[PDB]
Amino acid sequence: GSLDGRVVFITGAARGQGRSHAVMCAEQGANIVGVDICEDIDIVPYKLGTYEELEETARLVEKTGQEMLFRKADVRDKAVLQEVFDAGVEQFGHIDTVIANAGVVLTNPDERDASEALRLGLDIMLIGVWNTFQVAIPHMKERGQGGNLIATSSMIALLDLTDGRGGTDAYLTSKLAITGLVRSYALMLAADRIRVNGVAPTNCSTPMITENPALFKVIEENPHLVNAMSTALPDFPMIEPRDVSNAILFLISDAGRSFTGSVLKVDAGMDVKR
């Protein structure tokens, strides 16, 4: 496959897009180092990924013939992230690819404290992404075989839709900010042959959307968010996780070898929809 000899570090691998990334990278020959918080968060109004789901991701990876090192870990805990990464380097010899995918949706009409939700969103989706890159770069430079960093942004966030609650604003500002991290790190790391890109998905069928009524009530409550989620293509009112994985696969494989500094819109035309 396209990822033979590759080793991918993936945050948020318990389910959804992260699990899709793990399974589909392994199909192309990659070994996987995955983490997930494996705990709910009080102010996030839907169930997060479980340890049991993370195990299942590993089993799905192992059905491909590849291997997965999986650990419970929070991207806010930088030292823990580094320890799991280092254990990855030990088990597999190296890590050459990083997918910073972990995130949460904080949209909630019953948000209790705006400043708190803002801080939490930023911690997970901005600082957490930065942590995920930080634990990897020294190693990628050291081993001198270049590499790939990938961050998961969001199309909906790049369309300037907020209800002005703290959680929503954290999501928008984090997801935009990380496109800057992508572009700036692409330039910074070019000379080390570390390519850096992102993906900006439109609505993707995962629990964050499919089991999160709070979200539907917030767009139902605001006139300016009435068409917040609509896409262009009739067959894709939402996309599937594999669509996102396929974009990443393109970017990190020989097919997309010259790409760095790009954020691909996996959006079913959401960006042009007017």
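Residues carry their position along the shown sequence, with the first being 1.
> Name the higher of the two by mean Cα B-factor in the PDB entry, 55-63 versus 214-222.
It is 214-222.
> For the higher mean C-alpha B factor in the entry, choose 172-180 or 102-110.
Between 172-180 and 102-110, it is 102-110.
> Just the C-alpha B-factor column, please: which of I127, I156, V89, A136 has the biggest number?
The record points to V89.
> According to the Cα B-factor stored in this entry, which of the following is highest: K141, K78, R119, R165?
Answer, based on the entry's C-alpha B-factors: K141.
> Consider only the C-alpha atoms of the modelled residues in this chain, order them by B-factor as the entry records it, and name the third containing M270: lowest, middle or highest.
Within its chain, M270 is a lowest-third residue by C-alpha B-factor, going by the deposited values.
> Report the third (lowest, middle or highest) to which the CA temperature factor of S245 belongs, ranking only the modelled residues of the same chain.
Lowest third - that is where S245 ends up once the chain's C-alpha B-factors are sorted.
> C-alpha B factor of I95, ranked within the chain: lowest, middle or highest third?
It falls in the top third of the chain.
> Taking the chain's C-alpha temperature factors as the reference, tell me which third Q145 falls into: lowest, middle or highest.
It belongs to the highest third of the chain when residues are ordered by C-alpha B-factor.
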